[PDB]
Amino acid sequence: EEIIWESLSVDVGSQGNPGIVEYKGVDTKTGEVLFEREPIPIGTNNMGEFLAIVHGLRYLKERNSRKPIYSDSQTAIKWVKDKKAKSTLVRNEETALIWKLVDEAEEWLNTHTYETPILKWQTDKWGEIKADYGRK
RNA sequence: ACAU
DNA sequence: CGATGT
Ligand SMILES: [Cl-]
Ligand SMILES: [Cl-]
Ligand SMILES: [Cl-]
Ligand SMILES: [Mg+2]
Ligand SMILES: [Mg+2]
Ligand SMILES: [Rb+]
Ligand SMILES: [Rb+]
Ligand SMILES: [Rb+]
Ligand SMILES: [Rb+]
Ligand SMILES: [Rb+]
């Protein structure tokens, strides 16, 4: 219904899917970029969306912030809730980096606690999430 | 079908 | 048009 403006919004950007993956987090109210991941040579949209949420959790925990996180990814929200990224991407030498980061993100979720609400950004009602890359 |  | 996911 109502956007919670006091929040962090995250999104993935890619060149190809699977392809080059990056992600960023922004203050929902101002658009200020708060973190950006260096591009990863091969990943999927959903792996990137998952990493972006987990990085948001870690970012907010380190800063003692109780703000919620918005993501537009039904898939990534579920994977974080499950603490398990159920990606179909082949595990091979060219995908080793993304899978390392996904494995490390799951490991962090399994060893840390958080109360951060992870909320669905309602694109159909509100437009593109504020962390979007503007490539579509 | 819905979400990317 | 192709892809990733529930
Ligand atoms: Cl990461
Ligand atoms: Cl909330
Ligand atoms: Cl959801
Ligand atoms: Mg997205
Ligand atoms: Mg986007
Ligand atoms: Rb803390
Ligand atoms: Rb986009
Ligand atoms: Rb977009
Ligand atoms: Rb979207
Ligand atoms: Rb589909």
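Every chain is numbered from 1 and lettered A, B, ... according to where its sequence line falls, protein lines coming before strand lines. These numbers come from the heavy atoms of this one structure, side chains and all, not from hydrogens, waters or symmetry mates.
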Is A:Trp79 near enough to C:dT6 that one of its side-chain N or O atoms lies under 4.0 angstrom from OP1 or OP2?
yes

Please report, rounded to the nearest Å, how far the [atom2] atom of [N] is from the [atom1] atom of [X].
| X | N | atom1 | atom2 | value |
| --- | --- | --- | --- | --- |
| A:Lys86 | C:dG5 | NZ | P | 10 Å |
| A:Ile53 | C:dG5 | CD1 | P | 14 Å |
| A:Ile98 | C:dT4 | CD1 | P | 14 Å |
| A:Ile77 | C:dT6 | CD1 | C1' | 12 Å |
| A:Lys120 | B:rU4 | NZ | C1' | 8 Å |
| A:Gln15 | C:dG2 | CD | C1' | 16 Å |
| A:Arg135 | C:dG2 | CZ | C1' | 17 Å |
| A:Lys125 | B:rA3 | NZ | P | 11 Å |

Short N-O contact, A:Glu106 and A:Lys83, less than 4.0 angstrom
no

N-O pairing of A:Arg58 and A:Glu104 below 4.0 Å:
no

Of the candidate nucleotides C:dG5, C:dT6, B:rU4, which contains the atom at the shortest distance from the side chain of A:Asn45?
B:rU4

